[PDB]
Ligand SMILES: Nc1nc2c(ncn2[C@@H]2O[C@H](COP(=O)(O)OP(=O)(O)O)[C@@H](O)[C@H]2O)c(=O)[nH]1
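We begin with a single chain expressed as C-alpha cells, specifically the form solved without the named molecule.
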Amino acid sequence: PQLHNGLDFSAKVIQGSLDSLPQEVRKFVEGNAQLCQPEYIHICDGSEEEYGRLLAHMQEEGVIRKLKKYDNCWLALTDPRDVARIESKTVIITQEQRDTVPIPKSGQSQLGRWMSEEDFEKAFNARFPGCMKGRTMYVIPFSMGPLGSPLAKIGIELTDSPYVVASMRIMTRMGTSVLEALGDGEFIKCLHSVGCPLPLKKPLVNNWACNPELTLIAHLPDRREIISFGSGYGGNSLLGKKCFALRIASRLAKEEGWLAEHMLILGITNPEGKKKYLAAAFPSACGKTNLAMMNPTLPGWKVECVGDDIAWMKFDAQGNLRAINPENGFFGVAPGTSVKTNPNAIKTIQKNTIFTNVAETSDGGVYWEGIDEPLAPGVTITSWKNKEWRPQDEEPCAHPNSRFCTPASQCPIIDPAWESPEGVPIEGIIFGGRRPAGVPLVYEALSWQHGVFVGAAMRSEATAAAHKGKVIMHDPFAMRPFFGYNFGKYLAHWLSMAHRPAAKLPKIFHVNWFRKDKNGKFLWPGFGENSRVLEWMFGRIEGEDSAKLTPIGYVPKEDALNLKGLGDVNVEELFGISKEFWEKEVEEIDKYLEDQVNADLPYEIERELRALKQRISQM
C-alpha cells in the first residue's frame, strides 16, 4: 500500500522480481531501496551470463582491465586510500559494551571496538540516506557453506559495487538456488555502499568509488545485520569474508554450541593410506595459504586443501568435531606467492581469477614482490599505481595487501570432501606465530585446557612497529581483529567443549616456522619441509610414543623428527627452551590476559598460567 508512488520499487527491477522473493527478503530489499534511492534493482541469479556481462561492463567503465596473458583473468587498481580492512572503523553494536569486549583492567581494549546503538543510529543516518542515487542496487543471495549443509548459513548482500558482486560470486555460493533454498528461513542482512551517490560530490580516483572519511564497517549481531559504508575493498565490502564468516558467525556459534574460527582446513594422507584433517589458526604473514596448499617434500605423503581462512566446526552426536569451509574461493595475499612458496596457488590463479592492486606485465600478466620468476627480455611492468616500474625502483610494484580472488574448485589439490555438507572430522588444531626467538619449531599442549591457554597466549612479530624496529604483538587464536563478542566468554565457550558428552577433543599443537639463530638466519627451511612437522603431529594423534615432556608441553623425542634429506638441521637450537626467555614470556602473557580479559578471564586459563609459571620455576 501507498497514498502515492514512492514505496513500491517493482518498476525499477532490471533482473528478477520483488514478487518472487520471500516476504522478509522483499522487506529488506525494498526498505533499503526506499532509504538508499538506487536507480535500479538487480536481483542476482549467479549465472555465468550475468558474471561475464558484469565484467565486460566494468571493463567498459575502466573499473577493471582484462589480463590478456591468462584465461578470463581481471585486474582492479584501487584508490590508494582504500587498500585494506580498517580495524579502527570496524565496530560491533550491543546494548552493553561488556557483551562485545571485556572491560580492561587498566588499558584500551584491543579485542574489539564497541559502538553504542545511539552512536550507530547517528552514523547510519549521516551515511546511507540517498547513498545509491544514480546506481544499481545488486541483491546477492549467498550461502556460507555447501547449499544443503546443516552447518551452512544464508546471507543477502545489497551493494552498489559490481566489483563486490563479481568477487562474491567467487568467494560465496550465490544466485537463484540460494533464494529457492532460503524460503521463509532466517538470513543475515548485509548492506553495503561505496558511499558515492551520483552526481559525485568528490573526485573519483582510479575509477574506484570510495568514501574514506565516512568508512564504517558495523555488525549488529542481535539484529543479524552487517552494515558497511565507504570502502569497496576486501574484508570491508565482501561481507561474507570476515563480517559474516567470523564476527556474526562467532556470536551465532556461541549461541548455538559451535565454533567459527580463523583457521585453514587441510587433509593429510600418510604412506600407510591413513588420512587426517587438521585445522590451523595463524596471524598475518605466517603462511596459512602456503600450509593449506602445501606440496609435501616427504615421499608417500599428500596434502589436500579444504579451506585457507575460515572454519565452521561443530561436535556432532558421535563426538566428532565436524568442520566446513564456509567460503567458495581463496582471497589470498599476492606478494610472496611463488612457484617455490606455493606452486598449487600459482596453478589455481591462471584462470577465472580477479586480481586487485598487483603489477601488470606488458604482455598482460601479473607481477608482485616475491614472485621469484624472471621476465623475458622486452617485458615491462606497470605498478599497481598505473606507472612504469623497474626492479631497482624503491617502492613495491604491488600493494603489500594486494590480492588474488580465485575459485576454490580450481585448486589442483582441492580436497574431494571440501564441499561435503557433513563437513570433515578435525583431529588436530594448530596455533602458530612468527617468533624469531625462544619458541620451539613445534610443541603439543598437555590437555584441552592447556591448548585453549596456548591459543589465548599467541603472539607474533608484526610487519613493523609502524621507523625500523620489531614488535611482538598478541593475537589470541588469530582472532584479535575478528571476535564477534567478549573474548573471555569465547575462552569459556572453548573450555566448555571438554564437558560436552561424547566430545572427541582434537590434539592441540603450536608451531613456529620463523625461529632465527644469533645472525638472524632461519633455523628451519620451511615450505614443503613443514610436512616433517605434520608427520610428527600425525603420529602423536595415532598415540605414537614420539614425545618428550618440557615445561611448555610435549616436543619431539630425540630422533623423532624425519630430517632425512635436510642434511644437518640444528635441532638443539630449534627446540631450545630457555628459563630466562620463558620467565619473560609468562610475565607478558600474565600482564596481557589480566588487562585485556580482566573479570572475564576463566578460572581454567588463570590455572594454566599458574601451571606454566610453576613448570618454568622448576627449570
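Definition used throughout: the rigid core is the maximal C-alpha set that superposes within 1.5 Å between two forms. For every residue, the number given is its place in the sequence shown, counted from 1.
Taking C-alpha RMS after core alignment, which stretch differs more from the shown form in 8 other deposited structures of this protein: 103-111, or 536-544? When 103-111 and 536-544 are compared in 8 other deposited structures of this protein, 103-111 lies farther out.
Which of 588-596 and 560-568 lies farther from this form in 8 other deposited structures of this protein, as RMS of C-alpha positions after a rigid core fit: More C-alpha displacement in 8 other deposited structures of this protein shows up in 560-568.
Count class of deposited residues lacking coordinates, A466 to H467: 1 to 3 residues lack coordinates between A466 and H467.
Select between 256-264 and 175-183 the stretch whose C-alpha atoms have the higher average B-factor in the entry. Mean B over CA atoms: larger for 175-183.
Tell me which stretch has the larger mean Cα B-factor in this entry, 366-374 or 99-107. Taking the mean C-alpha B-factor of 366-374 and of 99-107, the larger value falls to 366-374.
Out of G62, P38, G31, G46, residue topping the C-alpha B-factor column of the entry: It is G62.
Options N512, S284, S531, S143 - largest CA temperature factor per the record: Largest recorded C-alpha B-factor: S284.
Going by the entry, which third of its chain does the Cα temperature factor of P22 land in? It falls in the top third of the chain.
CA B-factor placement of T269, once the chain's modelled residues are sorted into thirds: Lowest third - that is where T269 ends up once the chain's C-alpha B-factors are sorted.
Considering only modelled residues of the same chain, in which third does the CA B-factor of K276 rank: lowest, middle or highest? Lowest third, going by the recorded CA B-factors of the chain.
Third assignment of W208 from its chain's C-alpha B-factors: Ranked within chain, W208 CA B lands in the middle tercile.
For the chain shown, is the CA B-factor of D222 in the lowest, middle or highest third of its modelled residues? Highest third, going by the recorded CA B-factors of the chain.
Another form, the form solved in complex with the named molecule, is not on view; read the next lines as being about it.
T382: heavy atom within 4.5 Å of the named molecule in the deposited bound form? No, no contact at 4.5 Å.
Tell me, yes or no, whether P221 is in contact with the named molecule in the deposited bound form, where a contact means a heavy atom of each within 4.5 Å. Judged by the heavy-atom cut-off of 4.5 Å, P221 is well away from the named molecule in the deposited bound form.
With a 4.5 Å heavy atom cut-off, would you call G428 a contact of the named molecule in the deposited bound form? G428: no contact with the named molecule in the deposited bound form.
Should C286 be classed as touching the named molecule in the deposited bound form when contacts are defined as heavy atoms within 4.5 Å? Yes, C286 is a contact residue.
State the residue from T78, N290, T94, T136 whose non-hydrogen atoms include one within 4.5 Å of the named molecule in the deposited bound form. Residue within 4.5 Å of the partner: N290.
Pick from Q449, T215, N530, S250: which has a non-hydrogen atom within 4.5 Å of the named molecule in the deposited bound form? For this set of options, the contacting one is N530.
Looking at 509-517, 111-119, 195-203, 160-168, which one sits within 4.5 Å of the named molecule in the deposited bound form if you count heavy atoms only? Checking each option against the 4.5 Å cut-off leaves 509-517.
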